[PDB]
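Residues per chain are reported as follows:
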Amino acid sequence: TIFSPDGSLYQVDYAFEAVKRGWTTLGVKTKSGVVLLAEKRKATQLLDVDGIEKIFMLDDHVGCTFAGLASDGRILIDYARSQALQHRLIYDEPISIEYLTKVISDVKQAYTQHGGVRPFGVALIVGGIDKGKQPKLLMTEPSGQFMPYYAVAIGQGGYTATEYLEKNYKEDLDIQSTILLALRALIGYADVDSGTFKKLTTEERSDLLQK
Amino acid sequence: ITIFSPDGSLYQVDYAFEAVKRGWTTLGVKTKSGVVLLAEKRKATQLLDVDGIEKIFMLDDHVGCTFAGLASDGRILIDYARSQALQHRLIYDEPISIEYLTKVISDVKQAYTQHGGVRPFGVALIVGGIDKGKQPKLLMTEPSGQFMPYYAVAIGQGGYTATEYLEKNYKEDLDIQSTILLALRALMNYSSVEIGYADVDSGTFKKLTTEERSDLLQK
Amino acid sequence: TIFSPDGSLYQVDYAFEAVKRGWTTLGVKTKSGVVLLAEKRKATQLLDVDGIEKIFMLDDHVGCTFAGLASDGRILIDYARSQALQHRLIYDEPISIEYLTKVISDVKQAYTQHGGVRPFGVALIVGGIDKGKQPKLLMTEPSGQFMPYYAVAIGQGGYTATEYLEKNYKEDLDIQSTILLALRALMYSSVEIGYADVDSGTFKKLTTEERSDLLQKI
Amino acid sequence: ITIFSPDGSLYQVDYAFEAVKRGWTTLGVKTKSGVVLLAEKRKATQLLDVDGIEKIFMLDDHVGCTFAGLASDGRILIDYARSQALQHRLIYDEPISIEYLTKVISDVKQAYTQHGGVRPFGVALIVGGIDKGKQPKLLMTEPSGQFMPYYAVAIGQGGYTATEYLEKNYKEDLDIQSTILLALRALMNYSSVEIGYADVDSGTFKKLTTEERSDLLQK
Amino acid sequence: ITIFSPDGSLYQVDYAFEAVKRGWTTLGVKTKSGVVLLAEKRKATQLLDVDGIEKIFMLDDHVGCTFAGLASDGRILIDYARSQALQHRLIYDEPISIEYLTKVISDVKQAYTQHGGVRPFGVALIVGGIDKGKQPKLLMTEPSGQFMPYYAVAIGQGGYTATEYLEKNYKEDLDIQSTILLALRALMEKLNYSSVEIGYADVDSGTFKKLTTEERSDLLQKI
Amino acid sequence: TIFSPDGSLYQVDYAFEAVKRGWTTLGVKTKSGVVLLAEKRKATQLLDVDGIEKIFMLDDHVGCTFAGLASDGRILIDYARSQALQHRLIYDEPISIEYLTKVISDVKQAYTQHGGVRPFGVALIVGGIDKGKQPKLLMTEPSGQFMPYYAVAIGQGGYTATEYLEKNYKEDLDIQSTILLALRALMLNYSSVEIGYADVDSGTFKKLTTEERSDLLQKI
Amino acid sequence: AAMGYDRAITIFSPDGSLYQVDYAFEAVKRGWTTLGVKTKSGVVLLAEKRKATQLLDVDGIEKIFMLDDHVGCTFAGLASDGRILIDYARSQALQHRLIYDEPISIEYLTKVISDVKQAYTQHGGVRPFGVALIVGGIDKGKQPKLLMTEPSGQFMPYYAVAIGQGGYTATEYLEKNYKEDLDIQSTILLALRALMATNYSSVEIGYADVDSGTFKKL
Amino acid sequence: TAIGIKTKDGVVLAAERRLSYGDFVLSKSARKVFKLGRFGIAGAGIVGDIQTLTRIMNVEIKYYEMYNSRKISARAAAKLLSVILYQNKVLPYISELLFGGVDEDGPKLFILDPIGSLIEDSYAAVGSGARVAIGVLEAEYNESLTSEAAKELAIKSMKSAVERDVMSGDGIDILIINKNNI
Amino acid sequence: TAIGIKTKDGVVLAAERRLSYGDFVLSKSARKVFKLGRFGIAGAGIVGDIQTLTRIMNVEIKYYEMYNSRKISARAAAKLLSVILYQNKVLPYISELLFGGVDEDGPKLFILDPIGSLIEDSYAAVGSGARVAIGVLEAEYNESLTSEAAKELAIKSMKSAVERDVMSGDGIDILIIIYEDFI
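Residues numbered from 1 in each chain as written, not as in the entry; some residues may be left out. Chains lettered and ligands numbered in written order. Part of a larger assembly, values for the part shown. Heavy atoms only, no water. Residues with missing side-chain atoms left out of burial classes, pairs and counts.

As recorded by the PDB entry, chain I carries the name Proteasome subunit beta and is attributed to Sulfolobus acidocaldarius. Recorded in the entry header as its title is "Structure of the S. acidocaldarius 20S proteasome (Saci0613/Saci0662)". Of the comments in the UniProt record for chain I, the one headed Function (unreviewed entry) reads "Component of the proteasome core, a large protease complex with broad specificity involved in protein degradation." (UniProt positions renumbered as here; feature names shortened; annotations may be inferred.)

Chain F is annotated in the PDB entry as Proteasome subunit alpha from Sulfolobus acidocaldarius. UniProt, in the comment section headed Subcellular location (unreviewed entry), describes chain F in these words: "Cytoplasm". Within the UniProt record for chain F, the comment given under Function (unreviewed entry) is "Component of the proteasome core, a large protease complex with broad specificity involved in protein degradation."

Spelled out as structure tokens, the structure:
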């Protein structure tokens, strides 16, 4: 919690180097769908990749993924689900995504301003479609900054997927063409017709290596 | 952190003021006809929703402000400002004086520049409202906790260039179309800027919709 | 609680070296059921290794073992039993193992983010039957990460058993054959063994004559 | 920060007193007629509303004071002073003695010069009070927490020059018009100053008129 | 400090275990029909009231233990142990198992080896007792917070010599005069008859009592 | 709050050096009564040194002065007055001086044993006469120690007055003669001393007025 | 012995000794000489009262304190540390007498005093006490009971000790000519002789006698 | 109903073994006399308050006995029990108690109220039929009794209280405290 | 029932030794007169409040006597006991008390209420039969008495309260201020 003479906090940039060493996670937003997915590397042969979880469902309508460490973004996911259900208990209403990412990012700020507390080494990308307009995607940086994005990806191969989505973007795709785009840049999707965040079961992924 | 140098200057506060010098360029101008403040929106990556990213925040229906420097420090400070404003309006059923809003904001900045295990804020604020009677109102919060009321300032990377341009030719009163023109000229496309104005006739501030911004580009 | 310029927390990696210096503990999952066991090395002739304990029973259907230090994973075992019995008082239901390992791992995270607190130097391996979704094994790292495993082993000879289970881990095993596999992976009665079976959904630790005869087999 | 040097002096307190030496020049004079205290308002930028900047603060209707050094430290210290004064007037329904106001102010300064993770205040205060039915008394607060009651002092950048000027031509009995003349002469200039006076006939403290400020500035 | 060395070992815990190595010699033996534990009482000054200084403490009617290392750390730890025992007996109206007593003692030791501004305990304990029926039980508390239940151990300056002597001749069969004899022969100034403190728990009447000053003389004379 | 190898606390001795740099304050206790006074040096010719205060009245029977810093002994004077009036609210009785100096000195100890707290840099010289037996006079050291004294003086010229009172002490004396002795032990002008005395005949304490201490200070 | 580990107090040196506790025991070595003897016929403890300034109340200063009508004690080292510790001792004694309406055992008084010393030698932002106490009382049903409190928190019950500047000289004198079969006029003589090897009326003396179970001063 | 009789030899306690809530007997075997080492207490009132006071006092007797090197005196345990009753004056332990023991000062018998008042008396009764039973004691008490004659007096007085009190009834235990045997 | 009589030579206190809850006597020997230090107190009401006030006051008398190096006066102990009664106004110590001692100012006798009001009188009674007993005192009293004649006045007045109050009787203790003689 000390300023360098240029004004940059070095521990925040070091935590952003920790998410650069994370696995590759992806989030793409179109005018007709949210798709976000995450790579599941297999370090050991005894590890059941099909049993490890990285896509988490915040609400009926919101899911998000993390990169970097696991445990920092996981206790942050419990706070996110708790804040969402508290807003839904009070107003009996789905939660705006600017407010979820607000209070998440404010917690990240509170751990980047006090002495005997390490900052979070986890970046989040949040995709919700319960708004009356279209979808909304945000990214949380360990400094506490918002950047709303059309499509990003962070991790080890984050810059390669970032430049691929810079190459061939489009505003108007299917659910099927935007999940194709995220697979090409390397799963959970939210669609605007039925306002929910569906998780694909174990069969449908066998479609996508084939198709 | 909380130690005086032998000259008497706090080095961490000046280092935090260097952090707002590395911020984006934000502008605030205050004329005898009303209030215009706007902020640059630079695009670092070709995938930002720049039309959705926010730097102009509305504190009350008659006072609002922009930040420069870090985002999160001035953002939790924006929640405290809105909470203090709505608390005063719950008690008195009255709009809030801006000396009191900037007072309690600046007192929080002081409290984090006097205690040991707390980093100071790395954000400067510029606040513009109308209240009731003092139509042209503008203040600036420094991370030391000082007030300076200004007619027109700008801070950020090109803050000194806009400061010297606004130092140039500018008189006391002119129409709001001419003071929003002055702020656009002080920033040197259509949605790289986001602009908010408060007018003295109807004591409020709607924001510019992007359609009126497109009308202010080509003329 | 400080990041190195690469981004790695050095104190967490030092605690994972502390569990590398621990005793060898094993956990295997087959479709037949749950087997986990732990080595009991005898440093002194006067140690009551017959009375020392490393397999702990969280509930009637969840048991786990630790490696690394003793006291850190033991106070962590008191928190696990308290969270389990609290869930069973609320819902009158057995507890999901993702939630047990969740709150254990969240405690490990909370001690890897605050200043005047040392992190835990203990890794856990948790086995149970839960519902009816075949087996369910997780491992807790002192960073707070989950890794669910079919079969792992950590300790001094952890990598040797890891590569042995890499060689001959087979899906169509008996419960008698998966306890055989863990004994083979550990390379007379200085080992204590506990198994959970899917037919009667409960945990059992092996008595003296049980593990004695099974060792005299293979 | 909370450590004694072997001679016995606290170095952080003297460094904070160097910070008030870098402050603006503020003046306070007391005479048989009453109380005059004023403060220089230097203009660092042409964008500054010098008419809007405030440095003379009114603690109660019979007690006013000014600060030098930092702004925010003496400003949060001014909020504590106003709260203690209004609490005494809520309890006793009586105007407050200045030895007790400056007492509790100075005790706060001491409490922040004895605890570990707290920076001391970098602000000196000069307080002018007529009390009730008594000659006005002026007290100055040092960041160590010491009192010194003064007939006339001035602290800031040109504090020593005004101190030696008031050493030359100050006495005990003269007018309110002549002591405001004396304080203006001690500050060395057309209109950049705040002046406040308390007079013994009607026991109250007032502020700028801008009518008598120009008129008395010409003499 | 509460910081982890690159090998993974906590150095202050090993330094605290060196502090109990500098303690006086205390002994605990657990054999098939009861409990004997005793402690050496070395006389550093002629003016010491040695036969009035205390190192054997009675936790419950059936649990007695001794400490080595510092005095005050294991002594405030003895007050917490007695408080936890009497609290369990107020709740359940039952004698206390020693795994739970040593558990909460050891959990306190762990809690002081994980927090910043707290020094760890520099005292090791050896706890004995008759529990409730069955057979006897003996545990040892390490300043890391680890349990090791032992048949017979001894820690202090001559702890390793007593460890190797009890390694030599640990007779399975326990007697009422041979289990106290083995501890008297595992201690090594010639031995005084009023400068060593002995306490035993026996399985026939499930209780614990220190030996009287006359019983010390009559037992130490057979050697 | 760190002990040195020899066993001395260095910050306490540094605080006692801070009171050695204080102004000269005096306290004398004889068979006649109690007199304590304090020097009032004038650093600037615009000070209201006639309005500055160093003699404080704890109760109508007991007063004291400080040396060293001002603010530390001033918040310590507020605690002393609060403890005295609390004892008089409970027992409706004047307070023994060993108990006043006790709790003051215990506060000094409590700030010389905790980490993030600076010790007090002020020495006190209390002295009341409410006891029915004889008068009392004690001194508080920043370590928290008592020393009861017949007559002492501490400050810049503390050792010079200490050796003067060692020269010509009379245990039996006059109250006019013991205030005479303290003035001689300090050496001033009309406005350079505050004097307060407590007398055993009418059991009360009072600081002197400007044209009463002056008429006695001419005599020397 | 490695002496870089003198920071704060909550830190073990590599030999295992706490240096700040031993430094606090050096502070009581710089204290005044205090003496305590117990024989069979009762209790004598006394303390030297050195006069640093001719204007000092040698007869007005106090160092012998009466904890209860049956127990007195003296301190050496600093004054204020053993004085706030004397306030805790009197409060605990009167609390025991309010509960049980019974005189207090001296093992329990010195117990709770010494436990306070331990609690200030185990927490971070607290300096340890730089005062040693010697406690003498005879309200028990047996005979006298002398204890000494060390800043580590240790008990040592003694027949007769003395600590301070001339503590070792009086320690060797009482090593020369002490014996139990002796009475109260002769044991107060012995303590005066043990202070002489290191004066008009510049010593505080207090004795407790076994016939009338009370403690008095001189 | 509970009766204590003070003899020159030792204190004798005896009480009922009947509990009835309302007009209905729930139990013919409810122990109202309890042993505490050398000491013994017995009272009347709510059973749960009496049982928890036997258990609390048993714990704190062990507290005093483990710390100090002296066994407990009956006056000290009585003042302790008076303070335990007195701290909870807002929610009083609804139970009148008889405390009986033998110290080196001699035999001691004690009466305790739910507020916590301590009374020394030779002979006492406590509870519903105590009025009746003290009548028998007031007829035939002398200071010079034997232990077993006071047993027979306690049986006579308790039997009178059984025949003439609706809240008492059959089931009598007797605790004879001489110093050698409890 | 408890009676204090102020003489030139000292203060005489006397009270009952009978406790009855309801209409039934629990004890014929309940001490209601207590001797603390250089003086004595005696009151009526609930026994447990009186006993805990004797014990609390005994502790704090020793508190004042140890920490202020002098002995204690009766006005000071009375003002202390008035504050101790007054802090617990929400849950009042249900007991009216008589406080008696001798100071250098002279003999002093004091009346205390459960709220904590301090009254200094010459002769007083407290409790059930106090009405009856003060009647006897209001007949025969004089300012010029002796200590043992005031004992006989206290025996006569308490005996009247024995015969006419269904709350007092049996024996009566006496403290003269210190001798105590039970007749």
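J.: Even after reading the chapter, I still don't get the interface of chain I and chain H, so can you show me in this structure?
T.: How big an interface is tends to be reported as the loss of accessible area on association of its parts. With 19 residues of chain I at the contact, the number on the chain H side is 21 residues. Buried area between chain I and chain H, summed over both chains or domains, comes out near 1600 Å², and the portion from carbon and sulfur atoms is 53%. On inspection of chain I and its partner chain H, the count reaches three salt bridges. In this structure, the connection of chain I to chain H is made through eight residue pairs in polar contact. Of all the elements in the fold, those that place two or more residues in the side of chain I that touches chain H are strand 3 (19-21), strand 4 (24-27) and helix 1 (47-67) of chain I. In terms of residue count, helix 1 of chain I provides more of the side of chain I that touches chain H than any other element does, six residues in total. Looking at the side of chain I that touches chain H residue by residue, the classes come out as ten nonpolar, five polar and four charged. (Contact = heavy atoms within 4.5 Å. Buried area = accessible area lost by both parts, 1.4 Å probe. Salt bridge = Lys/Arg side-chain N within 4 Å of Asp/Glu carboxyl O. Polar contact = N/O pair within 3.5 Å; in protein donor to acceptor, adjacent residues only side chain to side chain. Helix = DSSP H or I, 4+ residues; strand = E, 2+ residues; numbered from the N terminus. Nonpolar A, V, L, I, M, F, W, Y, C, P; charged D, E, K, R; others polar.)

J.: I'm lost on the interface of chain G and chain F in this one. Help?
T.: Contacts between the two partners involve 31 residues from chain G, matched on the other side by 32 residues from chain F. When chain G packs against chain F, close to 2700 Å² is buried across both sides, 56% of that on carbon and sulfur atoms. The three residues of chain G that bury the most area against chain F are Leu55, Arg83 and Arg127 of chain G, which together make up 30% of that side's buried surface. Joining chain G to chain F, the criterion identifies four salt bridges. Ionic pairing is found between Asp106 of chain F and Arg83 of chain G, a salt bridge with its closest N-O pair at 3.1 Å. Looking at the side of chain G that touches chain F, the elements with two or more residues in it are helix 1 (19-29) and helix 2 (80-100) of chain G. Class assignment for the residues of the side of chain G that touches chain F results in 14 nonpolar, seven polar and ten charged.

J.: Help me out: how do you make sense of the sheet that holds strand 7 (residues 95-103) of chain I in this one?
T.: Hydrogen bonds between backbone atoms are what pair the strands of a sheet, whose relative direction is either parallel or antiparallel. Residue and element names in this part refer to chain I. One open sheet accounts for five strands, arranged 5-6-7-8-9; its pairing is antiparallel. Two strands lie at the open edges of the sheet, namely strand 5 (33-35) and strand 9 (118-120), each paired on one side alone. Averaged over all pairs of adjacent strands, the angle between strand axes in this sheet comes to 20 degrees, irrespective of strand direction. Direction of pairing for strand 7 relative to strand 8 (residues 106-112): antiparallel, over a ladder of seven bridges. Pairing of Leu98 across the sheet is with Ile111, part of strand 8. Sitting on the sheet, helix 2 (residues 74-87) touches strand 7, strand 8 and strand 9, and the angle it makes with strand 8 is about 10 degrees. (Pairing = 2+ DSSP bridges. Axes fitted to C-alpha atoms, helices over the stretch in contact; angles between N-to-C directions.)

J.: Mind showing me how you'd approach a positive patch on the surface here?
T.: Residues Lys209 and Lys210 of chain E together with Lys71 and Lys179 of chain H make up a contiguous surface patch of positive charge. Within the secondary structure, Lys210 of chain E sits in strand 10 (residues 207-210). (Patch = residues over 30% accessible without salt bridge, like charges linked within 9 Å, V, L, I, M, F, W, Y side chains within 5 Å. Areas by Shrake-Rupley, 256 points an atom, 1.4 Å probe, with all protein chains shown as cover. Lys, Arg positive; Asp, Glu negative; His and termini not counted. Charge placed at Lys NZ, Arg CZ, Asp CG, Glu CD.)

J.: Would you mind showing me how to read a negative patch on the surface here?
T.: A cluster of acidic side chains, namely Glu148, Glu152, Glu180 and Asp181 of chain I, defines a negative patch on the protein surface. The topology assignment puts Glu152 of chain I in helix 4 (residues 147-164).

J.: I would appreciate a short explanation of the side chain of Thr52 of chain I in the present structure.
T.: With respect to the helices, strands and loops of the structure, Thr52 of chain I is situated in helix 1. Of the residues examined, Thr52 of chain I reaches a relative accessible area of 9% and is grouped as buried. Within the local environment of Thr52 of chain I, its side chain forms a polar contact with the side chain of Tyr86 of chain H, the two groups lying 3.3 Å apart. (Buried < 20%, exposed > 50% of the residue type's maximum accessible area, 1.4 Å probe, protein only.)

J.: Any chance you could explain the sheet that holds strand 6 (residues 137-141) of chain B here in plain terms?
T.: All names here are of chain B. Spatial ordering of the open sheet is given by 3-4-5-6-7, a layout of five strands whose pairing is antiparallel. Because the sheet does not close on itself, it has two edges, and the strands there are strand 3 (56-58) and strand 7 (147-149). The mean inter-strand angle of the sheet, taken between neighbouring strand axes irrespective of direction, is 25 degrees. Sheet topology note: the strand 5 (residues 123-129)/strand 6 ladder contains five bridges and is antiparallel. Bridging from a neighbouring strand, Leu125 pairs with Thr141 of strand 6.

J.: Any chance you could explain the arrangement of the chains here in plain terms?
T.: Counting contacts across all twelve pairs of chains that touch, the top pair turns out to be chains F and G. Taking C-alpha atoms only, the smallest gap left between chain A and chain F, which are not in contact, amounts to 16 Å.

J.: Which parts of the structure should I look at to understand the packing of helix 3 (residues 97-110) of chain F against helix 2 of chain G?
T.: In helix packing, the relevant descriptors are the interaxial angle and the interaxial distance, both defined with respect to the helix axes. Remark: helix 3 of chain F packs on helix 2 of chain G, axes separated minimally by 10 Å, with the N-to-C direction vectors making an angle of 115 degrees. Between helix 3 of chain F and helix 2 of chain G the crossing geometry is left-handed. Along the contact surface, helix 3 of chain F presents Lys102, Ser105, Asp106 and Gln109 of chain F, while helix 2 of chain G presents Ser80, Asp81, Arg83, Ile84 and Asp87 of chain G. Each residue belonging to the contact of helix 3 of chain F with helix 2 of chain G can be placed in one class, and the counts come to one nonpolar, three polar and five charged. (Left-handed = near helix turned anticlockwise from the far one by under 90°.)

J.: Can you walk me through the pairing of strand 1 (residues 26-31) of chain B in this structure?
T.: Residue and element names in this part refer to chain B. Most of strand 1 is tucked away: six of the six residues are buried. Side-chain alternation along strand 1 places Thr26, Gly28 and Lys30 on one buried face and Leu27, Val29 and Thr31 on a second face that is also buried. As paired elements, strand 1 and strand 8 (residues 152-155) share four bridges and run antiparallel to each other. Residue pairing across strands places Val29 opposite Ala152, the latter belonging to strand 8. Sheet topology note: the strand 1/strand 2 (residues 34-40) ladder contains six bridges and is antiparallel. Pairing of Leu27 across the sheet is with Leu38, part of strand 2. From the end of strand 1 to the start of strand 2, which pair antiparallel, there are two residues.

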